[PDB]
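One chain comes next, on its own, written out as structure tokens in the form deposited in one PDB entry.
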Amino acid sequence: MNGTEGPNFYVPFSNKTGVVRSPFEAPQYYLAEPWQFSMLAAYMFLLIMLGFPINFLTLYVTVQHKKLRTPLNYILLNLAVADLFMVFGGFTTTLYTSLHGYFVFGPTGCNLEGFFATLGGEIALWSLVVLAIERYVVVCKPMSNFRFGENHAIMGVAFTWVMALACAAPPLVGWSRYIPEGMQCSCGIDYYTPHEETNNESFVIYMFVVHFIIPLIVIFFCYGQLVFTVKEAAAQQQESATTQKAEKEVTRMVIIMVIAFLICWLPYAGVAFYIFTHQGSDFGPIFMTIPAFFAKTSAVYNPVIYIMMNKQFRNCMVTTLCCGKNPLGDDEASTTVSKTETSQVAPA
């Protein structure tokens, strides 16, 4: 056999030399140099040290500034929360695991690592549809007088979690399972074994369809609509109203946010689909480690896009960080937002 299937796992290493051991019982240093595990460990350490502050800081700003309540502000507040979950929820285990070379917490550690990474990713993917829709509603404006309220945003948010819980919780209760991958320091869905006892093959299809191909079709199709109407071609002050101009900024970011999701997940999903369609073939530990641990950056790239592609949000942050206020930058040249300062309501 090309690999060592265990009842709980599937090590991508032949056991001809009988040197293969359960990644829930002993170091996997026989799969790769030990330094490389340190590598992974130093990596998760840095990601945690970047992901915590960047996502908490986002969370804290969105709240503090009572005027940041656009559907986007809700969605990115939702992501920052999911990213904190990814950090303490699973990165903490994936760091611990890397340090020891194996899932010392056994299948639990594997479930924590895998669950939160999946939850993290699906919430992102599903938050992208909500943005794709919202963006469609304000650019191709399906209604004549429709305007999303905080209520609607709270809907989109609750939605992304129902969807995300949908494919990330089942593997905890019998439908498929989380199993170590690559060097065995991370956990993903089971694409490796057919394990009928838990219906692995049906769950992988369901997942690749309902939680990948469909959300992308929607996301890509919607874009084919905001091709004729609002286009990346953005100018200076006003564009058909400074309001229209600023509507163009949010869309650029939402597009960029997609490219960012794709870069971060196609490589993982790709290798995932490959194996699924080549179970038992001869692949090794590094095959899925690289995409797997690269995708963990998904826990931080969103807030950074937000802060670099949103004049408003960026300033509230400076306003927050500079304790008092004095939001240098260049403001939004438009509305602002905060708590005691200029969070003054400015309607009609």
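Residues carry their position along the shown sequence, with the first being 1. In this text, the rigid core denotes the largest set of C-alpha atoms whose superposition between the two forms falls within 1.5 Å.
A.B. asks: Of 238-246 and 120-128, which one has the bigger average CA B-factor?
C.D. replies: For C-alpha atoms only, the mean B-factor is higher in 238-246.
A.B. asks: Highest mean C-alpha temperature factor of the two stretches 318-326 and 279-287, which is it?
C.D. replies: Taking the mean B-factor of the alpha carbons in each, 318-326 is higher.
A.B. asks: At the C-alpha atoms, which of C140, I189, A260, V104 reaches the highest B-factor in this entry?
C.D. replies: Answer, based on the entry's C-alpha B-factors: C140.
A.B. asks: Hey, out of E181, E113, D83, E134, whose CA B-factor is highest in the deposited coordinates?
C.D. replies: Top of the list by C-alpha B-factor: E134.
A.B. asks: Can you tell me whether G3 has a C-alpha B-factor in the lowest, middle or highest third compared with the other modelled residues of the same chain?
C.D. replies: Answer is middle: the recorded C-alpha B-factor places it there.
A.B. asks: When the modelled residues of the chain are sorted by Cα temperature factor, does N145 land in the lowest, middle or highest third?
C.D. replies: Highest third, going by the recorded CA B-factors of the chain.
A.B. asks: Can you tell me whether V11 has a C-alpha B-factor in the lowest, middle or highest third compared with the other modelled residues of the same chain?
C.D. replies: Within its chain, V11 is a lowest-third residue by C-alpha B-factor, going by the deposited values.
A.B. asks: Which third of the chain holds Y74 when residues are ordered by C-alpha B factor: lowest, middle or highest?
C.D. replies: For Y74, the deposited C-alpha B-factor lands in the middle third.
A.B. asks: Could you tell me which third, lowest, middle or highest, the C-alpha B-factor of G270 occupies within its chain?
C.D. replies: It falls in the bottom third of the chain.
Below, we refer to the form deposited in another entry, which is not included among the displayed structures.
A.B. asks: Can you tell which of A166, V104, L226, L77 moves its Cα by 2 Å or more between this form and the one not shown, with the two forms laid on the rigid core?
C.D. replies: It is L226.
A.B. asks: Core superposed first: is there a CA shift of 2 Å or greater at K245 between this form and the one not shown?
C.D. replies: Yes.
A.B. asks: Please say whether, between this form and the one not shown, the C-alpha of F148 moves by 2 Å or more once the core is aligned.
C.D. replies: Moves: no, less than 2 Å.
A.B. asks: Superposing on the rigid core, I want to see if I48 changes position between this form and the one not shown - specifically a Cα shift of 2 Å or more.
C.D. replies: After core superposition, the C-alpha of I48 moves less than 2 Å between this form and the one not shown.
A.B. asks: Knowing the shift is 3 Å or more, I'd like to know if the C-alpha atoms of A233 and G149 are closer or farther apart in that other deposited form than in the shown chain.
C.D. replies: Closer: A233 and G149 approach by 3 Å or more in that other deposited form.
A.B. asks: Versus the form shown, are the CA atoms of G280 and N15 closer or farther apart in that other deposited form, given a shift of 3 angstroms or more?
C.D. replies: Relative to the displayed form, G280 and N15 move farther apart in that other deposited form - a change of at least 3 Å between their C-alphas.
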